[PDB]
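Just one chain is shown here, as structure tokens, and it is the form deposited in one PDB entry.
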């Protein structure tokens, strides 16, 4: 029924609100709170390992909160563990980078990072200017579309719930979950007159891979660096 589709939309939004780490209103309220030049210089003078370690902890924390998101979605716990692991492996870092747009301010090209807004410059010590620039771009393109909370909650669910990921054992059970979300998302977009937004979405697979690679690298090499 119509209210049944409406139920699932509000419940995906609920699950998103509960697992999104920081509230949008807090993020929006803190736009004026910007790192000073002194504070920028502090981050830039950190060792490459110090800065990577911090950001990998954040990236890790983000992935865990996407897992919590997935756990609350309708049929996810009912899938076999193998499928749960396949969907989250293939999908979580992409969800993380889409969530990231909410902490991005497109007016001043800054992002909320450890309690204040800062630009690309903050992340010089990472030694990956191109990756940082690309992620800022992706965030900029996402913010421009001016997602509702519902749009993000539903779109990120669809990033996860995908019956096309290699190595599922129960494709059909994923397909039903994916279709149900598609049906719900389609109704919501139609009633809001937002059908066209998903045509405009910037490519996220490559970037997410590189974030995932870096996370893997830091854990792999942790014994050649100071105790965490």
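Throughout, rigid core stands for the largest set of C-alpha atoms superposing within 1.5 Å between the two forms. Positions refer to the first chain, counted from 1.
- For the segment pair 172-180 and 62-70, the entry gives 172-180 the higher mean B-factor, averaged over Cα atoms.
- The mean C-alpha temperature factor is higher for 72-80 when 104-112 and 72-80 are set side by side.
- Out of 147, 155, 117, 136, the entry records its largest CA B-factor for 147.
- Comparing C-alpha B-factors across 189, 56, 161, 28 in the deposited entry, the largest value falls on 28.
- Annotation for residue 121: CA B-factor lies in the middle third of the chain's modelled residues.
- In the deposited entry, the Cα temperature factor of residue 217 sits in the bottom third of values across the chain's modelled residues.
- Among all modelled residues in this chain, the alpha-carbon of residue 19 has a temperature factor (C-alpha) in the middle third.
- Sorting the modelled residues of the chain by their CA temperature factor places residue 85 in the middle third.
- Ranked by C-alpha B-factor against the other modelled residues of its chain, residue 141 falls in the lowest third.
There is another form of this protein, the form deposited in another entry, and it is not shown here; the text below is about that form.
- Taking 2 Å as the criterion, residue 217 counts as shifted between the shown form and the other one: its C-alpha moves by at least this amount when the rigid core is aligned.
- When two forms of a protein are overlaid on their rigid core, residues whose CA moves 2 Å or more are considered shifted, and residue 24 is not one of them between the shown form and the other one.
- In the other form, the Cα positions of residue 204 and residue 35 lie at least 3 Å farther from each other than in the form displayed.
- Three angstroms is the minimum change: in the other form, the CA atoms of residue 126 and residue 217 sit closer than in this structure, by 3 Å or more.
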